[PDB]
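**Q** So here's input_13.pdb (PDB, C-alpha atoms).
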MODEL        1
ATOM      1  CA  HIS A 116      73.264 -56.671  73.352  1.00  0.00           C
ATOM      2  CA  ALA A 117      76.177 -58.167  71.427  1.00  0.00           C
ATOM      3  CA  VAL A 118      74.034 -61.146  70.389  1.00  0.00           C
ATOM      4  CA  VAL A 119      71.587 -58.732  68.765  1.00  0.00           C
ATOM      5  CA  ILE A 120      74.212 -56.593  67.048  1.00  0.00           C
ATOM      6  CA  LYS A 121      76.089 -59.606  65.693  1.00  0.00           C
ATOM      7  CA  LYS A 122      72.868 -61.262  64.452  1.00  0.00           C
ATOM      8  CA  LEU A 123      71.601 -58.126  62.715  1.00  0.00           C
ATOM      9  CA  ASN A 124      75.003 -57.381  61.181  1.00  0.00           C
ATOM     10  CA  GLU A 125      75.445 -60.976  59.965  1.00  0.00           C
ATOM     11  CA  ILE A 126      72.030 -60.672  58.328  1.00  0.00           C
ATOM     12  CA  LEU A 127      72.861 -57.352  56.663  1.00  0.00           C
ATOM     13  CA  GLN A 128      76.189 -58.699  55.349  1.00  0.00           C
ATOM     14  CA  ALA A 129      74.523 -61.874  54.094  1.00  0.00           C
ATOM     15  CA  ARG A 130      71.963 -59.716  52.279  1.00  0.00           C
ATOM     16  CA  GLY A 131      74.740 -58.111  50.244  1.00  0.00           C
ATOM     17  CA  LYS A 132      75.500 -61.554  48.847  1.00  0.00           C
ATOM     18  CA  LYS A 133      73.926 -62.657  45.571  1.00  0.00           C
ATOM     19  CA  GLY A 134      72.197 -65.934  46.391  1.00  0.00           C
ATOM     20  CA  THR A 135      69.804 -65.333  49.258  1.00  0.00           C
ATOM     21  CA  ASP A 136      66.399 -66.690  50.161  1.00  0.00           C
ATOM     22  CA  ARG A 137      64.413 -63.510  50.691  1.00  0.00           C
ATOM     23  CA  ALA A 138      61.492 -65.314  52.331  1.00  0.00           C
ATOM     24  CA  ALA A 139      63.830 -66.689  55.009  1.00  0.00           C
ATOM     25  CA  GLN A 140      65.669 -63.365  55.337  1.00  0.00           C
ATOM     26  CA  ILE A 141      62.387 -61.616  56.085  1.00  0.00           C
ATOM     27  CA  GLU A 142      61.176 -64.349  58.433  1.00  0.00           C
ATOM     28  CA  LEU A 143      64.521 -64.276  60.276  1.00  0.00           C
ATOM     29  CA  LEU A 144      64.368 -60.511  60.784  1.00  0.00           C
ATOM     30  CA  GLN A 145      60.845 -60.906  62.150  1.00  0.00           C
ATOM     31  CA  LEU A 146      61.808 -63.712  64.534  1.00  0.00           C
ATOM     32  CA  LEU A 147      64.862 -61.608  65.390  1.00  0.00           C
ATOM     33  CA  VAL A 148      62.778 -58.430  65.634  1.00  0.00           C
ATOM     34  CA  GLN A 149      60.592 -59.485  68.570  1.00  0.00           C
ATOM     35  CA  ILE A 150      63.619 -59.884  70.838  1.00  0.00           C
ATOM     36  CA  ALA A 151      61.597 -61.820  73.418  1.00  0.00           C
ATOM     37  CA  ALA A 152      64.967 -62.296  75.122  1.00  0.00           C
ATOM     38  CA  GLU A 153      65.934 -59.613  77.645  1.00  0.00           C
ATOM     39  CA  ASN A 154      69.170 -58.783  75.827  1.00  0.00           C
ATOM     40  CA  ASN A 155      67.135 -58.360  72.643  1.00  0.00           C
ATOM     41  CA  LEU A 156      64.665 -56.012  74.341  1.00  0.00           C
ATOM     42  CA  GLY A 157      65.224 -52.273  73.898  1.00  0.00           C
ATOM     43  CA  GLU A 158      64.093 -49.422  71.586  1.00  0.00           C
ATOM     44  CA  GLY A 159      67.320 -48.955  69.594  1.00  0.00           C
ATOM     45  CA  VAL A 160      67.125 -52.655  68.793  1.00  0.00           C
ATOM     46  CA  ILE A 161      63.532 -52.257  67.524  1.00  0.00           C
ATOM     47  CA  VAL A 162      64.290 -49.156  65.433  1.00  0.00           C
ATOM     48  CA  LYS A 163      67.503 -50.503  63.895  1.00  0.00           C
ATOM     49  CA  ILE A 164      65.661 -53.747  63.210  1.00  0.00           C
ATOM     50  CA  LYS A 165      62.776 -52.102  61.347  1.00  0.00           C
ATOM     51  CA  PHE A 166      65.108 -49.730  59.527  1.00  0.00           C
ATOM     52  CA  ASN A 167      66.643 -52.695  57.718  1.00  0.00           C
ATOM     53  CA  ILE A 168      63.385 -54.688  57.732  1.00  0.00           C
ATOM     54  CA  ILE A 169      61.253 -52.471  55.459  1.00  0.00           C
ATOM     55  CA  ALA A 170      63.614 -52.238  52.471  1.00  0.00           C
ATOM     56  CA  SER A 171      64.377 -55.913  52.993  1.00  0.00           C
ATOM     57  CA  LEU A 172      60.762 -56.559  51.968  1.00  0.00           C
ATOM     58  CA  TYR A 173      60.640 -53.998  49.175  1.00  0.00           C
ATOM     59  CA  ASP A 174      63.849 -55.400  47.650  1.00  0.00           C
ATOM     60  CA  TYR A 175      62.605 -58.993  47.492  1.00  0.00           C
ATOM     61  CA  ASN A 176      59.643 -58.027  45.312  1.00  0.00           C
ATOM     62  CA  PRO A 177      61.877 -56.197  42.823  1.00  0.00           C
ATOM     63  CA  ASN A 178      64.122 -59.217  42.201  1.00  0.00           C
ATOM     64  CA  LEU A 179      61.077 -61.373  41.478  1.00  0.00           C
ATOM     65  CA  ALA A 180      59.066 -60.814  38.301  1.00  0.00           C
ATOM     66  CA  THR A 181      56.568 -58.020  38.881  1.00  0.00           C
ATOM     67  CA  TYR A 182      53.172 -58.961  40.299  1.00  0.00           C
ATOM     68  CA  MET A 183      50.520 -57.360  42.498  1.00  0.00           C
ATOM     69  CA  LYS A 184      49.434 -58.945  45.778  1.00  0.00           C
ATOM     70  CA  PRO A 185      47.024 -57.320  48.239  1.00  0.00           C
ATOM     71  CA  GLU A 186      48.526 -59.184  51.201  1.00  0.00           C
ATOM     72  CA  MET A 187      52.136 -58.219  50.466  1.00  0.00           C
ATOM     73  CA  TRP A 188      51.363 -54.498  50.358  1.00  0.00           C
ATOM     74  CA  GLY A 189      49.332 -54.697  53.555  1.00  0.00           C
ATOM     75  CA  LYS A 190      51.915 -56.154  55.930  1.00  0.00           C
ATOM     76  CA  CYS A 191      54.755 -53.797  54.988  1.00  0.00           C
ATOM     77  CA  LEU A 192      52.361 -50.926  55.706  1.00  0.00           C
ATOM     78  CA  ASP A 193      51.937 -52.501  59.137  1.00  0.00           C
ATOM     79  CA  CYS A 194      55.718 -52.519  59.539  1.00  0.00           C
ATOM     80  CA  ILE A 195      56.119 -48.824  58.689  1.00  0.00           C
ATOM     81  CA  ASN A 196      53.195 -47.855  60.930  1.00  0.00           C
ATOM     82  CA  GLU A 197      54.739 -49.840  63.803  1.00  0.00           C
ATOM     83  CA  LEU A 198      58.101 -48.091  63.417  1.00  0.00           C
ATOM     84  CA  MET A 199      56.208 -44.796  63.353  1.00  0.00           C
ATOM     85  CA  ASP A 200      54.319 -45.736  66.527  1.00  0.00           C
ATOM     86  CA  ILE A 201      57.581 -46.571  68.270  1.00  0.00           C
ATOM     87  CA  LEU A 202      59.158 -43.273  67.205  1.00  0.00           C
ATOM     88  CA  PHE A 203      55.985 -41.467  68.305  1.00  0.00           C
ATOM     89  CA  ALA A 204      56.034 -43.144  71.706  1.00  0.00           C
ATOM     90  CA  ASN A 205      59.690 -42.079  71.833  1.00  0.00           C
ATOM     91  CA  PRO A 206      58.785 -38.373  72.066  1.00  0.00           C
ATOM     92  CA  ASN A 207      62.083 -37.185  70.539  1.00  0.00           C
ATOM     93  CA  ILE A 208      64.115 -38.491  73.480  1.00  0.00           C
ATOM     94  CA  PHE A 209      66.043 -41.262  71.732  1.00  0.00           C
ATOM     95  CA  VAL A 210      68.757 -38.804  70.648  1.00  0.00           C
ATOM     96  CA  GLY A 211      69.602 -37.528  74.154  1.00  0.00           C
ATOM     97  CA  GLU A 212      68.279 -34.079  73.176  1.00  0.00           C
ATOM     98  CA  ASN A 213      70.315 -31.657  71.066  1.00  0.00           C
ATOM     99  CA  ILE A 214      73.465 -30.502  72.835  1.00  0.00           C
ATOM    100  CA  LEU A 215      74.534 -34.140  72.953  1.00  0.00           C
ATOM    101  CA  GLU A 216      72.679 -36.749  70.899  1.00  0.00           C
ATOM    102  CA  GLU A 217      74.999 -39.372  72.364  1.00  0.00           C
ATOM    103  CA  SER A 218      78.420 -39.525  74.001  1.00  0.00           C
ATOM    104  CA  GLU A 219      80.817 -38.079  71.440  1.00  0.00           C
ATOM    105  CA  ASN A 220      82.720 -40.260  68.983  1.00  0.00           C
ATOM    106  CA  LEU A 221      85.350 -38.741  66.696  1.00  0.00           C
ATOM    107  CA  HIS A 222      84.720 -41.273  63.923  1.00  0.00           C
ATOM    108  CA  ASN A 223      80.925 -40.961  63.996  1.00  0.00           C
ATOM    109  CA  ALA A 224      79.012 -38.422  61.908  1.00  0.00           C
ATOM    110  CA  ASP A 225      75.300 -37.791  62.475  1.00  0.00           C
ATOM    111  CA  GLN A 226      72.780 -36.137  60.155  1.00  0.00           C
ATOM    112  CA  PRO A 227      69.068 -35.920  61.003  1.00  0.00           C
ATOM    113  CA  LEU A 228      68.073 -36.110  57.329  1.00  0.00           C
ATOM    114  CA  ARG A 229      70.643 -38.867  56.788  1.00  0.00           C
ATOM    115  CA  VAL A 230      69.322 -41.375  59.356  1.00  0.00           C
ATOM    116  CA  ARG A 231      65.777 -40.033  59.826  1.00  0.00           C
ATOM    117  CA  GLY A 232      65.205 -38.833  56.263  1.00  0.00           C
ATOM    118  CA  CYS A 233      65.220 -42.381  54.927  1.00  0.00           C
ATOM    119  CA  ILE A 234      61.800 -42.779  56.548  1.00  0.00           C
ATOM    120  CA  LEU A 235      60.094 -40.728  53.876  1.00  0.00           C
ATOM    121  CA  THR A 236      61.516 -42.886  51.091  1.00  0.00           C
ATOM    122  CA  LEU A 237      59.869 -45.943  52.619  1.00  0.00           C
ATOM    123  CA  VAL A 238      56.473 -44.272  52.433  1.00  0.00           C
ATOM    124  CA  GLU A 239      57.202 -43.297  48.845  1.00  0.00           C
ATOM    125  CA  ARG A 240      57.876 -46.918  47.915  1.00  0.00           C
ATOM    126  CA  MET A 241      54.521 -47.891  49.426  1.00  0.00           C
ATOM    127  CA  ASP A 242      52.944 -45.358  47.100  1.00  0.00           C
ATOM    128  CA  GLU A 243      54.929 -46.219  43.977  1.00  0.00           C
ATOM    129  CA  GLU A 244      54.406 -49.979  44.141  1.00  0.00           C
ATOM    130  CA  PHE A 245      50.776 -49.216  44.941  1.00  0.00           C
ATOM    131  CA  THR A 246      50.469 -47.254  41.720  1.00  0.00           C
ATOM    132  CA  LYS A 247      52.127 -50.145  39.901  1.00  0.00           C
ATOM    133  CA  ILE A 248      49.217 -52.263  41.087  1.00  0.00           C
ATOM    134  CA  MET A 249      46.495 -49.882  39.831  1.00  0.00           C
ATOM    135  CA  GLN A 250      48.114 -49.888  36.407  1.00  0.00           C
ATOM    136  CA  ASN A 251      48.504 -53.677  36.328  1.00  0.00           C
ATOM    137  CA  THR A 252      45.016 -54.654  37.502  1.00  0.00           C
ATOM    138  CA  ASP A 253      42.002 -54.809  35.159  1.00  0.00           C
ATOM    139  CA  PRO A 254      40.329 -51.379  34.888  1.00  0.00           C
ATOM    140  CA  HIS A 255      36.768 -52.632  35.441  1.00  0.00           C
ATOM    141  CA  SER A 256      37.403 -55.449  37.942  1.00  0.00           C
ATOM    142  CA  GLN A 257      36.358 -55.038  41.593  1.00  0.00           C
ATOM    143  CA  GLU A 258      39.980 -55.578  42.639  1.00  0.00           C
ATOM    144  CA  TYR A 259      40.715 -52.149  41.187  1.00  0.00           C
ATOM    145  CA  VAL A 260      38.084 -50.654  43.477  1.00  0.00           C
ATOM    146  CA  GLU A 261      39.665 -52.371  46.502  1.00  0.00           C
ATOM    147  CA  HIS A 262      43.110 -51.022  45.607  1.00  0.00           C
ATOM    148  CA  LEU A 263      41.601 -47.550  45.332  1.00  0.00           C
ATOM    149  CA  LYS A 264      40.315 -48.239  48.850  1.00  0.00           C
ATOM    150  CA  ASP A 265      43.972 -48.668  49.863  1.00  0.00           C
ATOM    151  CA  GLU A 266      44.843 -45.230  48.460  1.00  0.00           C
ATOM    152  CA  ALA A 267      43.294 -43.499  51.494  1.00  0.00           C
ATOM    153  CA  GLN A 268      45.417 -45.582  53.848  1.00  0.00           C
ATOM    154  CA  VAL A 269      48.500 -44.372  51.975  1.00  0.00           C
ATOM    155  CA  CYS A 270      47.441 -40.726  52.334  1.00  0.00           C
ATOM    156  CA  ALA A 271      47.153 -41.412  56.070  1.00  0.00           C
ATOM    157  CA  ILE A 272      50.823 -42.348  56.280  1.00  0.00           C
ATOM    158  CA  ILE A 273      51.804 -39.314  54.249  1.00  0.00           C
ATOM    159  CA  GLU A 274      50.148 -37.018  56.798  1.00  0.00           C
ATOM    160  CA  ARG A 275      51.387 -38.948  59.849  1.00  0.00           C
ATOM    161  CA  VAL A 276      54.981 -39.086  58.609  1.00  0.00           C
ATOM    162  CA  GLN A 277      54.752 -35.371  57.801  1.00  0.00           C
ATOM    163  CA  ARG A 278      53.693 -34.656  61.386  1.00  0.00           C
ATOM    164  CA  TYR A 279      56.518 -36.693  62.905  1.00  0.00           C
ATOM    165  CA  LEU A 280      58.951 -34.798  60.682  1.00  0.00           C
ATOM    166  CA  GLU A 281      57.506 -31.545  61.973  1.00  0.00           C
ATOM    167  CA  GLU A 282      57.897 -32.620  65.584  1.00  0.00           C
ATOM    168  CA  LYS A 283      61.451 -33.807  64.923  1.00  0.00           C
ATOM    169  CA  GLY A 284      61.206 -32.207  61.493  1.00  0.00           C
ATOM    170  CA  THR A 285      64.120 -30.994  59.399  1.00  0.00           C
ATOM    171  CA  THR A 286      64.254 -28.683  56.384  1.00  0.00           C
ATOM    172  CA  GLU A 287      63.170 -30.027  52.984  1.00  0.00           C
ATOM    173  CA  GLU A 288      60.984 -32.667  54.641  1.00  0.00           C
ATOM    174  CA  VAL A 289      57.937 -30.680  53.524  1.00  0.00           C
ATOM    175  CA  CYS A 290      58.875 -30.440  49.850  1.00  0.00           C
ATOM    176  CA  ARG A 291      58.372 -34.086  48.884  1.00  0.00           C
ATOM    177  CA  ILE A 292      55.552 -35.335  51.133  1.00  0.00           C
ATOM    178  CA  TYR A 293      53.762 -32.068  50.339  1.00  0.00           C
ATOM    179  CA  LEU A 294      54.153 -33.011  46.699  1.00  0.00           C
ATOM    180  CA  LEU A 295      52.769 -36.545  47.200  1.00  0.00           C
ATOM    181  CA  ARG A 296      49.962 -35.044  49.282  1.00  0.00           C
ATOM    182  CA  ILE A 297      49.127 -32.780  46.341  1.00  0.00           C
ATOM    183  CA  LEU A 298      49.344 -35.596  43.790  1.00  0.00           C
TER
ENDMDL
END
Output the structure of this file as structure tokens.
**A**
Amino acid sequence: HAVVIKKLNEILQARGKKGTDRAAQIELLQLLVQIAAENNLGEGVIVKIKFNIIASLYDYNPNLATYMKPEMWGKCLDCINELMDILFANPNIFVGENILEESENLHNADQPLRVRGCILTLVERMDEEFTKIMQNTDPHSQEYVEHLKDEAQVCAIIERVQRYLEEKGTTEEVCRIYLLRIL
């Protein structure tokens, strides 16, 4: 428990500091993420780990001069799909239903879009960066064709994410992934 929380929080705080090695920050999250240790084990730990893991990857690329790598795009997709699989295996039971999501706290405020809306944005990044590759590659090279092979895999996540939102779905979820789906 407290080991996990303190680790994760120390990491998040450290991330908000200018000089950071992003490679090591990612690798640490991953080593941290598995939680082989019994205290580490648990679904909230997994979800709250991934939630800060995905943008942790996306952010590192932005700081560095722009480049397109097939491998880099691929593994973050794996991350998002794993979070989605965990949430799917959850069956909308992580919130302790509806009447009480969790034991009440006066300080705490909970919004479904607020915590669970962020998910969509992740997907969107996957798409946007992906587009940035198709622009930056050579039009007639085979690499372009391979990237266009990745397009389908993005569409997959759009639909899947849409469906999870419908099962636990909240209003205005449809408007953006419907748009991407159209595009």
**Q** Report the closest atom pair, with its distance in Å rounded to one decimal, for each residue of stretch 222-289 of chain A that has an atom no farther than 12 Å from stretch 205-212 of chain A; count only C-alpha atoms, sort by chain and then rising residue number, and write it as CSV.
**A**
residue,atom,partner,partner_atom,distance
A:225,CA,A:210,CA,10.5
A:226,CA,A:210,CA,11.5
A:227,CA,A:210,CA,10.1
A:230,CA,A:210,CA,11.6
A:231,CA,A:210,CA,11.3
A:279,CA,A:207,CA,9.5
A:280,CA,A:207,CA,10.6
A:281,CA,A:207,CA,11.2
A:282,CA,A:207,CA,7.9
A:283,CA,A:207,CA,6.6
A:284,CA,A:207,CA,10.4
**Q** State, in Å with one decimal place, the distance from atom CA of residue A:151 to atom CA of residue A:272.
**A**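 Straight-line distance from atom CA of residue A:151 to atom CA of residue A:272 works out to 28.1 Å.
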**Q** Which stretch 173-258 of chain A residues have any atom within 10 Å of an atom of stretch 123-137 of chain A, and for each, what is the nearest pair of atoms with distance in Å to one decimal, counting all atoms listed in the file, rows sorted by chain and number, as a tab-separated table?
**A**
residue	atom	partner	partner_atom	distance
A:174	CA	A:137	CA	8.7
A:175	CA	A:137	CA	5.8
A:176	CA	A:137	CA	9.0
A:178	CA	A:137	CA	9.5
**Q** Could you tell me which residues the PyMOL selection byres ((chain A and resi 248-255) around 12) returns for this structure, as an MDAnalysis selection string?
**A** chainID A and resid 181:185 187:188 241:247 256:266
**Q** Applied to this file, what does the PyMOL selection byres ((chain A and resi 170) around 12) return in terms of residues, put as a ChimeraX atom specification?
**A** /A:127,130,137,140-141,144,164-169,171-177,191-192,194-195,233-234,236-241
**Q** Please, what is the axis-aligned box for every listed atom of stretch 154-171 of chain A with 4 Å on each side, as centre and edge lengths in Å to one decimal, as lines of an AutoDock Vina configuration file?
**A**
center_x = 65.2
center_y = -53.9
center_z = 64.1
size_x = 15.9
size_y = 17.8
size_z = 31.4
**Q** Pull stretch 160-194 of chain A out of the block and emit N, CA and C atoms, as a PDB file, in the first residue's frame.
**A**
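As written to disk, part04.pdb reads:
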ATOM      1  N   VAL A 160      -3.983   0.140  -8.022  1.00  0.00           N
ATOM      2  CA  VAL A 160      -2.563   0.359  -8.241  1.00  0.00           C
ATOM      3  C   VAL A 160      -2.221   0.303  -9.734  1.00  0.00           C
ATOM      4  N   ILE A 161      -2.745  -0.703 -10.435  1.00  0.00           N
ATOM      5  CA  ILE A 161      -2.529  -0.849 -11.876  1.00  0.00           C
ATOM      6  C   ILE A 161      -3.078   0.347 -12.659  1.00  0.00           C
ATOM      7  N   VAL A 162      -4.336   0.691 -12.390  1.00  0.00           N
ATOM      8  CA  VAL A 162      -5.018   1.776 -13.091  1.00  0.00           C
ATOM      9  C   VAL A 162      -4.352   3.131 -12.859  1.00  0.00           C
ATOM     10  N   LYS A 163      -4.066   3.445 -11.600  1.00  0.00           N
ATOM     11  CA  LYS A 163      -3.411   4.705 -11.264  1.00  0.00           C
ATOM     12  C   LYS A 163      -1.965   4.734 -11.743  1.00  0.00           C
ATOM     13  N   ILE A 164      -1.387   3.559 -11.964  1.00  0.00           N
ATOM     14  CA  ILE A 164      -0.052   3.486 -12.532  1.00  0.00           C
ATOM     15  C   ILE A 164      -0.079   3.829 -14.018  1.00  0.00           C
ATOM     16  N   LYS A 165      -0.973   3.174 -14.753  1.00  0.00           N
ATOM     17  CA  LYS A 165      -1.092   3.398 -16.194  1.00  0.00           C
ATOM     18  C   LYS A 165      -1.501   4.830 -16.496  1.00  0.00           C
ATOM     19  N   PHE A 166      -2.419   5.346 -15.681  1.00  0.00           N
ATOM     20  CA  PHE A 166      -2.988   6.668 -15.888  1.00  0.00           C
ATOM     21  C   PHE A 166      -1.904   7.734 -15.970  1.00  0.00           C
ATOM     22  N   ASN A 167      -0.853   7.568 -15.173  1.00  0.00           N
ATOM     23  CA  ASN A 167       0.297   8.461 -15.244  1.00  0.00           C
ATOM     24  C   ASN A 167       1.415   7.904 -16.131  1.00  0.00           C
ATOM     25  N   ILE A 168       1.280   6.652 -16.567  1.00  0.00           N
ATOM     26  CA  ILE A 168       2.308   6.054 -17.422  1.00  0.00           C
ATOM     27  C   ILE A 168       2.202   6.490 -18.880  1.00  0.00           C
ATOM     28  N   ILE A 169       0.987   6.494 -19.426  1.00  0.00           N
ATOM     29  CA  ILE A 169       0.798   6.851 -20.845  1.00  0.00           C
ATOM     30  C   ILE A 169       1.293   8.274 -21.205  1.00  0.00           C
ATOM     31  N   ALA A 170       0.810   9.297 -20.473  1.00  0.00           N
ATOM     32  CA  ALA A 170       1.267  10.638 -20.834  1.00  0.00           C
ATOM     33  C   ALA A 170       2.737  10.826 -20.514  1.00  0.00           C
ATOM     34  N   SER A 171       3.253  10.026 -19.591  1.00  0.00           N
ATOM     35  CA  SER A 171       4.668  10.050 -19.268  1.00  0.00           C
ATOM     36  C   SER A 171       5.500   9.722 -20.513  1.00  0.00           C
ATOM     37  N   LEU A 172       5.013   8.788 -21.319  1.00  0.00           N
ATOM     38  CA  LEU A 172       5.649   8.453 -22.588  1.00  0.00           C
ATOM     39  C   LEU A 172       5.445   9.552 -23.626  1.00  0.00           C
ATOM     40  N   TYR A 173       4.187   9.954 -23.807  1.00  0.00           N
ATOM     41  CA  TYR A 173       3.885  10.964 -24.814  1.00  0.00           C
ATOM     42  C   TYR A 173       4.702  12.247 -24.604  1.00  0.00           C
ATOM     43  N   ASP A 174       4.838  12.645 -23.343  1.00  0.00           N
ATOM     44  CA  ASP A 174       5.541  13.871 -22.973  1.00  0.00           C
ATOM     45  C   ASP A 174       7.021  13.842 -23.342  1.00  0.00           C
ATOM     46  N   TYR A 175       7.656  12.691 -23.153  1.00  0.00           N
ATOM     47  CA  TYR A 175       9.088  12.561 -23.396  1.00  0.00           C
ATOM     48  C   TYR A 175       9.427  12.829 -24.858  1.00  0.00           C
ATOM     49  N   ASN A 176       8.584  12.334 -25.758  1.00  0.00           N
ATOM     50  CA  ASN A 176       8.787  12.542 -27.186  1.00  0.00           C
ATOM     51  C   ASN A 176       8.720  14.018 -27.566  1.00  0.00           C
ATOM     52  N   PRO A 177       7.782  14.739 -26.959  1.00  0.00           N
ATOM     53  CA  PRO A 177       7.588  16.160 -27.261  1.00  0.00           C
ATOM     54  C   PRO A 177       8.806  17.011 -26.906  1.00  0.00           C
ATOM     55  N   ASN A 178       9.428  16.737 -25.764  1.00  0.00           N
ATOM     56  CA  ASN A 178      10.606  17.486 -25.341  1.00  0.00           C
ATOM     57  C   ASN A 178      11.762  17.301 -26.317  1.00  0.00           C
ATOM     58  N   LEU A 179      11.936  16.068 -26.778  1.00  0.00           N
ATOM     59  CA  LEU A 179      12.956  15.741 -27.766  1.00  0.00           C
ATOM     60  C   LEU A 179      12.561  16.283 -29.135  1.00  0.00           C
ATOM     61  N   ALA A 180      13.549  16.511 -29.994  1.00  0.00           N
ATOM     62  CA  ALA A 180      13.275  17.000 -31.339  1.00  0.00           C
ATOM     63  C   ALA A 180      12.435  15.955 -32.058  1.00  0.00           C
ATOM     64  N   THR A 181      11.471  16.412 -32.850  1.00  0.00           N
ATOM     65  CA  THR A 181      10.493  15.507 -33.441  1.00  0.00           C
ATOM     66  C   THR A 181      11.128  14.484 -34.375  1.00  0.00           C
ATOM     67  N   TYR A 182      10.691  13.237 -34.229  1.00  0.00           N
ATOM     68  CA  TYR A 182      11.134  12.138 -35.073  1.00  0.00           C
ATOM     69  C   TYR A 182      10.061  11.059 -35.067  1.00  0.00           C
ATOM     70  N   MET A 183      10.071  10.189 -36.070  1.00  0.00           N
ATOM     71  CA  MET A 183       9.100   9.103 -36.112  1.00  0.00           C
ATOM     72  C   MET A 183       9.774   7.745 -35.946  1.00  0.00           C
ATOM     73  N   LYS A 184       9.337   6.997 -34.939  1.00  0.00           N
ATOM     74  CA  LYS A 184       9.830   5.645 -34.712  1.00  0.00           C
ATOM     75  C   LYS A 184       8.664   4.665 -34.648  1.00  0.00           C
ATOM     76  N   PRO A 185       8.753   3.584 -35.415  1.00  0.00           N
ATOM     77  CA  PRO A 185       7.699   2.566 -35.409  1.00  0.00           C
ATOM     78  C   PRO A 185       7.567   1.893 -34.047  1.00  0.00           C
ATOM     79  N   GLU A 186       8.701   1.590 -33.423  1.00  0.00           N
ATOM     80  CA  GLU A 186       8.711   0.916 -32.129  1.00  0.00           C
ATOM     81  C   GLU A 186       8.074   1.738 -31.011  1.00  0.00           C
ATOM     82  N   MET A 187       8.366   3.036 -30.986  1.00  0.00           N
ATOM     83  CA  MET A 187       7.867   3.904 -29.924  1.00  0.00           C
ATOM     84  C   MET A 187       6.344   3.996 -29.924  1.00  0.00           C
ATOM     85  N   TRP A 188       5.766   4.119 -31.113  1.00  0.00           N
ATOM     86  CA  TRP A 188       4.317   4.179 -31.257  1.00  0.00           C
ATOM     87  C   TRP A 188       3.662   2.878 -30.806  1.00  0.00           C
ATOM     88  N   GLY A 189       4.297   1.765 -31.156  1.00  0.00           N
ATOM     89  CA  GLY A 189       3.753   0.447 -30.891  1.00  0.00           C
ATOM     90  C   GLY A 189       3.568   0.073 -29.433  1.00  0.00           C
ATOM     91  N   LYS A 190       4.527   0.433 -28.587  1.00  0.00           N
ATOM     92  CA  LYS A 190       4.490  -0.008 -27.192  1.00  0.00           C
ATOM     93  C   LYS A 190       3.491   0.796 -26.354  1.00  0.00           C
ATOM     94  N   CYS A 191       3.346   2.078 -26.671  1.00  0.00           N
ATOM     95  CA  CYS A 191       2.374   2.910 -25.961  1.00  0.00           C
ATOM     96  C   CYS A 191       0.957   2.433 -26.280  1.00  0.00           C
ATOM     97  N   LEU A 192       0.737   2.031 -27.530  1.00  0.00           N
ATOM     98  CA  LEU A 192      -0.520   1.391 -27.912  1.00  0.00           C
ATOM     99  C   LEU A 192      -0.795   0.199 -27.000  1.00  0.00           C
ATOM    100  N   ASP A 193       0.234  -0.618 -26.792  1.00  0.00           N
ATOM    101  CA  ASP A 193       0.145  -1.766 -25.906  1.00  0.00           C
ATOM    102  C   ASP A 193      -0.267  -1.339 -24.502  1.00  0.00           C
ATOM    103  N   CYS A 194       0.327  -0.251 -24.020  1.00  0.00           N
ATOM    104  CA  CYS A 194      -0.042   0.287 -22.712  1.00  0.00           C
ATOM    105  C   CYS A 194      -1.534   0.616 -22.636  1.00  0.00           C
TER     106      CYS A 194
END
